[PDB]
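Structure, as structure tokens:
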Amino acid sequence: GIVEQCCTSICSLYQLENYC
Amino acid sequence: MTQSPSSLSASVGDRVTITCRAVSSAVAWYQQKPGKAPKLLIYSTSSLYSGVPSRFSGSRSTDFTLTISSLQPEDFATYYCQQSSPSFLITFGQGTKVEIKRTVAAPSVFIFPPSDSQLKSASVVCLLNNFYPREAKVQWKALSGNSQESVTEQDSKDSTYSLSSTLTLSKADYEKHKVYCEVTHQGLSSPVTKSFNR
Amino acid sequence: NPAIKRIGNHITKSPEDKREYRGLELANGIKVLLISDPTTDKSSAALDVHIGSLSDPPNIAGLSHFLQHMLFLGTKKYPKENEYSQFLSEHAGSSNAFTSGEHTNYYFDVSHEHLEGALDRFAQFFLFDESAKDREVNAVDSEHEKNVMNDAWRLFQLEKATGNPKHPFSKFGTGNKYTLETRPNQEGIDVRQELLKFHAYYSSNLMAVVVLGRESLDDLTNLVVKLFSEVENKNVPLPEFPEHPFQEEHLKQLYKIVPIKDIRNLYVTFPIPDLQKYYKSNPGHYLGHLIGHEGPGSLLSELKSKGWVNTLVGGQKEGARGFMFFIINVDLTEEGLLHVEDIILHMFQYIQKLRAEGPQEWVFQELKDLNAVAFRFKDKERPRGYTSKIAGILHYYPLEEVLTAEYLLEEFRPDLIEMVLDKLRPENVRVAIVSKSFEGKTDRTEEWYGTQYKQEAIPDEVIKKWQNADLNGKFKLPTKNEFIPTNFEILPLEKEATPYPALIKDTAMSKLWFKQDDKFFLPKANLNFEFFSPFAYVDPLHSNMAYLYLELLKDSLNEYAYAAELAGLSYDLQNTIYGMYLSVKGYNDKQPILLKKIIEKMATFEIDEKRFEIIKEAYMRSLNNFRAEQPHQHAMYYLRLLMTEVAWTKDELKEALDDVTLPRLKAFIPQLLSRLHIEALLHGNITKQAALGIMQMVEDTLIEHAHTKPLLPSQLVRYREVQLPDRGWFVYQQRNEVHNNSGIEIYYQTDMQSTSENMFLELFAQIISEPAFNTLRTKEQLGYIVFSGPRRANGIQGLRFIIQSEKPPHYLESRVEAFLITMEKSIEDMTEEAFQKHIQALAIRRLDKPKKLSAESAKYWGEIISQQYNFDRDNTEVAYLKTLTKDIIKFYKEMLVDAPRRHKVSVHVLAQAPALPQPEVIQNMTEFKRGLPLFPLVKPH
Amino acid sequence: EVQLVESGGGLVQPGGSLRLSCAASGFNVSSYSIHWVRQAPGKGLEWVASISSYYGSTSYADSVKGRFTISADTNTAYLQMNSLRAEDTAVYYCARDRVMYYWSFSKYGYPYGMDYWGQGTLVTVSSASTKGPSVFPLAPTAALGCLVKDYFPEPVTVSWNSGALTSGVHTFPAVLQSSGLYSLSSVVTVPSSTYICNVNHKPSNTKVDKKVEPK
Ligand SMILES: [Zn+2]
């Protein structure tokens, strides 16, 4: 309904050790 | 577009309402002191400007109304309603002058002969210090068609008028007479007559 | 203080926020915000730069991204590469950073008693080894390679490349091995010198730091002053771009894009000036609120009623300091793909309706009050993300309004809204259609991502039809939201309140857990419900019919529930292998009403055949699109299928989906609701009698309209996990047909889930976490995605490594084993003080209290689904954790090369090391499960 | 602190030209709109012109289309008057909008306030001769004052004892004489227990002080 916080691909956290 | 009324008179602490009638469905309100620059009172028809006393209220009924419930003696000014319009247009009204109504006062009558350096090139000046209302009659003596009159605006604290009368005469015609101010006012049982001689 | 230029007066915060704030600006230009919280267990800090990747040199694309990658590998005062992450890992902390076109934000958290110890090095980051560069180039290249086959990335960089090529907006922000290493080596460029000369833009006048900790505002003040006053100021002007990247020759254009997944999407873009400076009104949030609306009379209601669109998004998208965009993106059915012109025509009819009606001060006021309530009762955020967000937004707003700028609207100005509506016109539009039907009809290829697309000029005839758009009677302004909460009364805490959830009802119909909120005291509530029914996962047919039933239910209730979802009262409804799952979260004021409506639609569901066909085709497209997922995700999925006793593959679901028919589903819904169990967890600002009233309401509605009957206890069948044999190694092998990268997941299984084994596995995983990251990614540079940690499922646990790399999985596996021996030697040579340091780090990790209500209710629900009901788990398991000694060696010799009880299973997804035995390749999962035993189930509490 | 200053008003022969300057301070004219509003002698307010520097928009009144030209330099405003008649004699003020980035091209009018104003510059259009003031004292619970009889044009500023007397000062409005000049007097009431009046004429540059003594 409205563009939300970082809905594009720009958010590039250096490492992904916080997901799952 | 139009404003109502042209002028208004009320007492201190009295409720005053000004009806400005005008596109745009809103209005602005400004208060211009005599001589000084206008001051913003109300930008949006609902809210008021920051630092403006709460006694000012903007309303809309088509026709918009400025409301002053408690009227202070320092609110003597001319109120103007501003209307914005497409094509970047701004319009004002003819304004509304608010006259403060206090108790009847007594004019402190004074008289002033012309200065010595003025006869070197004369003007006698009668003066009324504080009085109400403005309706007064000043005459000079045998009368009178070259008399000038000037009134000040209502004071912010006393709300009392002051009257200045100027009688300009050449030196030759000034030396032709010796006895020289008949004032008639509301708070005067008998008309005071201040005079001077040579 | 002489090192402080100015100090803010007071930080405008919420009355419910107990944290203290103090903003100030140093003499060097750094915008500092300090947050004191004497009750937090972990402190955090973040530093934000305002340069980003749009300021990259034209010959080196991705230089700021590579610099962000590079600042973590050591500084002058601390030259070791992984001493930072090793310090944070040894002190129960973490770190990360991102880089947007106008930002480069670094952030980290750590234990509250070492904030200065970490913050010193974090400050050394802003005060370049050749080998570290040559190694990290491969990490950036594996990052971009990970982002190649991603549709959002492809359309993002394609949108960047379809604009003015001379504009920095067209630059490639990620970078790769070619632009960083190959091309500069071919052109004689010294990348290291480029890093040193770029680190002319890292000036203190463009930096914003935020520090949150237990220390007082004065101690934080002296600390930030001491550690940041020495940052040299170079007075770098903030980059602006007044010229819009989309010029006339780029407007009124149609782009036909071929995706990777079988998706059908439509993208409408309007170039608009930068509205950031208009944050006090947010006309993009206003117009986004009206256009993207989903209630009655909205655009999406018409697009759904016509069977063309299912979901719609519309609003303002950030561009830069000089340009922004306003986008409307929708999903397309098979009929909507052919009627794109009519969909856009309806869009311009809604826009023309908004231009005819004009701005709405009552809509603006409704948004203002709603945002004021949602901001006042906002949940307590996590320190890392909070400090990162505030640090990111400090450059846009003053110190006093940094906390309330993006949330609170104060002034209503319709001139701006009318101006943007004047900018939303067919002469300033850009249209992009994404569908597989364009396969083989494209003539252009994108340079960085290889995206196939076609560019055409929109016919002036179509533009004229858009310009003559009349008023549609199906488009009306939304009505007054009847879900706006007005009762914020916090119910007093009952005298029988329990710190942990209590079982206040246990009948054959349902089992109700309840707890009154005693920590947050906010007018909110979380209501979780699980419906057990054997017909939900009996076969792929019934599972597909269940997912279709829930999806049809949510799709039917979306228009009605959009107002409640906009009023801070959201809900999630998903299917699970044990039955349905329904969760209603948000303000408890009007929660039971909407919940009653949802149950009413559960027991009075009328299936639309058009919605059924469209949604069914969409689910088919989803099961088809699983083949384009990432290799590590495929590895986790395959390992899930292998370890679970009963699991249907997406190929079985896809094959059984064609046999689903409307009479079968209409006969299946009452068959599902005929026999049910219910397990609920009500945790929020409600009382015991209120919880019992809601539960009894649900039961009475289900019985009344659905004739629901309780389940037999013998039918409460939980699933077991496959038990691997001693010294047994099994390898399952598949291929990824989309990504050119390989994935691998190694899983070692343990005995069961008890306190001792849990603390063994968690302690070992705590010791090998940072060494795993540094060895497998920092030094050897296997890939960008390297993860290692514990895995728990069905009451059984183990250790898992998940790696996505270009190299083959057998080589990755051998390096994993060699790393295991290396960690054996490291633990054997490790000191007792470092061992106890890992003990303390894990204790702080596990004793971390939840910050918001949904996290606590999520922990309770996690203890409910496992049916262990161990609410005091943290205290008991940490109390046992502080009593462990360097047991871990015997555990490694018993469970983890020649261990007598080694249980190893590997998942290989195709694109000195010790000798490994011959693995048993898995041909068929069913035979694999039949040949091996199953583990027992965890006993209830 | 935000404030505006007008400068450029004076006496011009009918058919001449003039350039009024509205120097702004405390803000950026690039991010605000400037309005020009004059007031006729004894009449109400009347809007003259408007300009939005951001959008480059200008707005004139129906009374003056090809005679006035508004402009702005980035940090001063300029109002050009290329041909002034005998009816354009008025007191010119310049003000600003309270809100930022007001949109000129609109279908609905949104009347926002003009928060900050300036003292304004008076322009008079006549073929009369500019003259210096002529001060004459007046000799008297007491009351005494000074008189300015021959001066042109408006206005004059009268302050008692270098602006130290702020009580009982009554300065009367100017009145036109039959000769073609202005005249006004200023009185003050003081107790029976030295007093000098200061008169300043700026169009003609003249500053005259004069003491008042009884008898
Ligand atoms: Zn990165």
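Going through the structure tokens in order, the chains are called A, B, and so on, while each chain numbers its residues from 1 and the ligands are numbered from 1 in the order shown.
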Which chain C residues are at most 6 Å from chain A (counting only C-alpha atoms), as a CSV table (one decimal) with N, CA and C atoms, in the first residue's frame?
```
chain,number,residue,atom,x,y,z
C,96,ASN,N,27.9,-5.2,11.8
C,96,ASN,CA,27.6,-5.2,10.4
C,96,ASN,C,27.6,-3.7,9.9
C,97,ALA,N,27.3,-3.6,8.6
C,97,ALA,CA,27.3,-2.3,8.0
C,97,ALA,C,26.7,-2.5,6.6
C,98,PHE,N,26.0,-1.4,6.1
C,98,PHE,CA,25.5,-1.4,4.7
C,98,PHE,C,25.9,-0.1,4.1
C,100,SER,N,24.2,2.5,1.1
C,100,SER,CA,23.3,2.9,0.2
C,100,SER,C,23.8,4.1,-0.7
C,153,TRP,N,17.2,-7.4,-7.8
C,153,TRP,CA,18.5,-6.8,-8.3
C,153,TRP,C,18.5,-6.5,-9.8
C,288,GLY,N,0.7,8.1,-1.3
C,288,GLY,CA,0.8,6.6,-1.2
C,288,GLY,C,-0.3,6.0,-0.4
C,292,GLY,N,-2.3,3.6,-2.9
C,292,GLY,CA,-2.0,2.2,-2.4
C,292,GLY,C,-3.1,1.7,-1.6
C,293,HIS,N,-4.2,2.4,-1.4
C,293,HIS,CA,-5.3,1.9,-0.5
C,293,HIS,C,-5.9,0.6,-1.0
C,313,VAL,N,0.9,-2.0,-4.8
C,313,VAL,CA,1.7,-1.1,-3.9
C,313,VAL,C,1.9,0.2,-4.7
C,314,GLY,N,1.8,1.3,-3.9
C,314,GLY,CA,2.0,2.6,-4.5
C,314,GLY,C,2.4,3.6,-3.5
C,315,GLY,N,3.4,4.4,-3.8
C,315,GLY,CA,3.9,5.4,-2.9
C,315,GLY,C,5.2,6.1,-3.4
```
Fill in: Shell of 12 Å around ligand 1 (only C-alpha atoms and all ligand atoms), written as a PyMOL selection string
(chain A and resi 9-16) or (chain C and resi 53+62-72+96-100+104-106+136-137+139-144+146-147+173-176+784-785)
Discussion item. Within 12 Å of chain C, which residues belong to chain B? Use only C-alpha atoms and report them as JSON, numbers by chain.
Written reply: {"B": [44, 47, 86, 88]}
Fill in: Residue hits in chain D, query chain C, radius 8 Å, only C-alpha atoms, as a PyMOL selection string
chain D and resi 102-103+106+110
Residue subset to file, keeping N, CA, C and O atoms, as a PDB file, in the first residue's frame:
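Output below, filename result_10.pdb:
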```
ATOM      1  N   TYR D 102       6.010  27.642  -0.918  1.00  0.00           N
ATOM      2  CA  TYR D 102       4.614  27.791  -1.308  1.00  0.00           C
ATOM      3  C   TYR D 102       4.483  27.700  -2.823  1.00  0.00           C
ATOM      4  O   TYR D 102       5.262  28.309  -3.563  1.00  0.00           O
ATOM      5  N   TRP D 103       3.495  26.938  -3.285  1.00  0.00           N
ATOM      6  CA  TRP D 103       3.293  26.711  -4.710  1.00  0.00           C
ATOM      7  C   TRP D 103       2.424  27.824  -5.282  1.00  0.00           C
ATOM      8  O   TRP D 103       1.315  28.066  -4.793  1.00  0.00           O
ATOM      9  N   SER D 106      -1.734  27.308  -8.636  1.00  0.00           N
ATOM     10  CA  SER D 106      -2.714  26.512  -7.914  1.00  0.00           C
ATOM     11  C   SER D 106      -4.110  26.828  -8.426  1.00  0.00           C
ATOM     12  O   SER D 106      -4.363  27.911  -8.963  1.00  0.00           O
ATOM     13  N   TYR D 110      -4.864  29.137  -0.960  1.00  0.00           N
ATOM     14  CA  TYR D 110      -4.539  28.749   0.412  1.00  0.00           C
ATOM     15  C   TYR D 110      -3.954  29.962   1.121  1.00  0.00           C
ATOM     16  O   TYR D 110      -2.736  30.196   1.072  1.00  0.00           O
TER      17      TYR D 110
END
```
Discussion item. Distance cut-off 8 Å, counting only C-alpha atoms - which residues of chain B neighbour chain D? Return them as number ranges by chain.
Written reply: B: 23-29, 36-44, 80, 82-95, 110-115, 117-118, 150-152, 162, 164
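Using only C-alpha atoms for every distance, the candidate list B:196, B:79, B:180, B:131 yields B:180 as the residue closest to residue B:143.
From atom CA of residue D:15 back to atom CA of residue D:156, the distance works out to 25.4 Å.
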Discussion item. Let's see if you can do this: from backbone DSSP, list all alpha helix (DSSP H) residues in stretch 70-195 of chain B, as a ChimeraX atom specification.
Written reply: /B:171-174
Fill in: Backbone DSSP call of strand (DSSP E) for stretch 2-85 of chain D, listed as a count of residues only
46
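The space separating atom CA of residue C:54 from atom CA of residue C:157 comes to 13.0 Å.
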Worksheet item: Quick one: residues within 10 Å of stretch 519-523 of chain C, only C-alpha atoms counted, chain neighbours fewer than 2 positions away excluded, as a count of residues only?
Response: 28
